[PDB]
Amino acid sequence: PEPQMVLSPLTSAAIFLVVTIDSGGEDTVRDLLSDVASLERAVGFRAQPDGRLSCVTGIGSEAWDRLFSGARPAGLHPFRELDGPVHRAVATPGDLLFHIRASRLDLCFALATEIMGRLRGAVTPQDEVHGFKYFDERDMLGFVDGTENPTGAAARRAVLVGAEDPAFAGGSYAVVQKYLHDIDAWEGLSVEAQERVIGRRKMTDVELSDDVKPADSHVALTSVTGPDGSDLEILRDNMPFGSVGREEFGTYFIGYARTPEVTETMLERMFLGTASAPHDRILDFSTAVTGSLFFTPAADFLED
């Protein structure tokens, strides 16, 4: 069955839109959902062959119950707030996600305009971020960001619902968190101290050797094997964003996985820690201000 564009690569531009559905807005939303692929093609065909416009649409747990009766995806539940001793992953409201990507911001903006035009009066905007590529795929911490994403068949196996939930095969689960960074504190570290926080070399993006990589480095904590042997993988399409006057330097985190348990395990390790690490050191420079979980159905579910 045909997935949405959850497997597609990073692009140079993105718009992330999160909205809540107003009381009585359900019908309007359902009608838009049935049209969203049409709208994407309407805008996107204009910029063949380099436009690379896509839109992934996600639905929250509470929204699901308001919109649909009957079958629910097995892993769909509200984002779980994690209150660590020091750092907190907050749960914030969000019923629908539109993850819009293209090679140019205009395409993303034109599609978002059409979507929101159809939803005006039925939804309330919760968050809107316009993301942009930063040099050679860097984030606002200055590190190459996305390197260890799965590709090809390994990506398919890590991201797409299959025979464990066959009515929903071809779907995925998206976790979003908007992070703001303390760039003044971060820039007070040496490069070598930043490398130890992340677990990779800053300029060249080469992973630190195991004898050197700290236990509380980001890469250490988000490296998880299940009882099975295999690495647990997620597909991240994080984008930088910001505003210089407000001193806002951000990473918009979005991670896709076949079940949310994988992403949640990673978050637990980061925010609550392990026996050998109290928390991910990246959170000493990164504050999460949103957190929401969505199911992104197979394309044909929406088309109904």
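Throughout, we count residues from 1 along the sequence that is shown.
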| request: Return whichever of 169-177 and 187-195 has the greater mean Cα B factor according to the PDB record. | output: 187-195
| query | Should the higher mean CA B-factor in the entry be assigned to 276-284 or to 19-27? | reply | 276-284
| query | When you compare the CA B-factors of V161, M140, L105, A215 as listed in the entry, which one comes out on top? | reply | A215
| message | Looking at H77, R101, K133, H87, which one carries the largest C-alpha B-factor according to the PDB entry? | response | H87
| said: Test of reading the entry: by CA B factor among the chain's modelled residues, which third contains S38? | reply: lowest
| task | Within this chain's modelled residues, let me know which third the CA B factor of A154 belongs to: lowest, middle or highest. | result | highest
| Lowest, middle or highest third: where is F45 by C-alpha B factor in its chain? | lowest
| note | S243: CA B-factor among chain residues, third -> middle
| query | According to the PDB entry, is the CA B factor of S69 in the bottom, middle or top third of its chain, that is, lowest, middle or highest? | reply | highest
